[PDB]
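Asker: Below is the structure, and that's it, no one-letter string:
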């Protein structure tokens, strides 16, 4: 998801109803522009059948 | 007396991508008293080259942010690089 | 010309290029880029 010939999806919010873009404070911003890169993980996925 | 504040290291050439691979710098400098001492490491930052707001961003050694109380003179010092796993060596005087 | 009541034209900032000094009234050239091919507009 999505198909292979199409661009990937994006997330930029975090609320129940989509607003309030995700904040990052000063020290994390400096270490982020220091060259270090963030990592991402999956915890649990629910759906239906 | 002239004192050294920082280093706007390597303004953007036509090709410098290897500077994006670098994360830590390490410096040994001469203090005003008991010169040529080893100082630890920091991380590089982004600053506009020569302070001009119409310029690309480069790597900057912020030499004030170290384990020093005194200043720096125009005499001998060394500057080593850390790539992410190994150690390299670049600058001297 | 920096007028607040005028259209917005093209502009070439020469200062945001890979330089350290300044430029003088001497040999200079300015070349276009179209989307696919190449061309040239200005000389001295």
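Answerer: That came in fine, so what should we check first? Numbers count the residues shown, from 1 in each chain, chains lettered A, B, ... in the order given.
Asker: List, one by one, the residues from chain B near chain A.
Answerer: B:20-23, B:43-46 (C-beta under 8 Å from any C-beta of the partner chain). Where C-beta positions appear, they are placed from N, C-alpha and C, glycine not excepted.
Asker: Dump the residues you listed into TSV; add secondary structure, neighbour count and distance to residue B:1 as well.
Answerer: Below are the residues of chain B next to chain A laid out as TSV (DSSP: H, G, I helix; E, B strand; the rest coil; neighbours: other C-beta atoms under 10 Å in any protein chain shown; distance: C-beta to C-beta, whole Å):
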residue	secondary structure	neighbour count	distance to residue B:1
B:20	helix	9	36
B:21	helix	9	37
B:22	coil	19	32
B:23	coil	16	33
B:43	strand	17	29
B:44	coil	22	27
B:45	strand	17	26
B:46	strand	13	30
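Asker: How is the closest residue to residue B:71 other than its chain neighbours assigned, secondary-structure-wise?
Answerer: Leaving aside its sequence neighbours, residue B:71 sits nearest to residue B:3 (C-beta to C-beta, 6 or more residues apart in numbering or on different chains; 4.4 Å). Three-state call for residue B:3 (DSSP: H, G, I helix; E, B strand; the rest coil): coil.
Asker: what sits against residue B:3?
Answerer: With contacts defined as C-beta atoms under 8 Å, 6 or more residues apart in numbering or on different chains, residue B:3 is in contact with B:71-73.
Asker: and the residues you listed, which of them are in helices?
Answerer: Taking DSSP state H, every one of the contacts of residue B:3 sits outside helices.
Asker: got a winner among the residues you listed for most neighbours?
Answerer: Among the contacts of residue B:3, residue B:72 has the most neighbours (other C-beta atoms under 10 Å in any protein chain shown), with 19 neighbours.
Asker: gap between the residue nearest to that one when sequence neighbours are not counted and residue A:18?
Answerer: Leaving aside its chain neighbours, residue B:72 sits nearest to residue B:4 (4.4 Å; criterion: C-beta to C-beta, 6+ apart). Using C-beta to C-beta, to the nearest Å, residue B:4 is found at 50 Å from residue A:18.
Asker: and if you look at residue B:19?
Answerer: Residue B:19 sits 38 Å away from residue A:18, going by C-beta to C-beta.
Asker: For these two, indicate the residue with more neighbours.
Answerer: residue B:19 (14 against 10).
Asker: and that one, that one's in a helix?
Answerer: Yes - counting by three-state DSSP, residue B:19 is found in a helix.
Asker: thought it was touching residue B:10?
Answerer: Yes - with contact defined as C-beta atoms under 8 Å, residue B:19 reaches residue B:10; the gap is 6.1 Å.
Asker: Give me the common contacts of the two.
Answerer: Common neighbours of residue B:19 and residue B:10, using C-beta under 8 Å, 6+ apart, are B:58-59.
Asker: so who does residue 23 touch?
Answerer: As the question left the chain open, I've gone with chain A. Residue A:23 makes no contacts at all, as judged by C-beta under 8 Å, 6+ apart.
Asker: look at chain B instead
Answerer: By C-beta under 8 Å, 6+ apart, the contact list for residue B:23 reads A:34-36, B:43-44, B:82-84.
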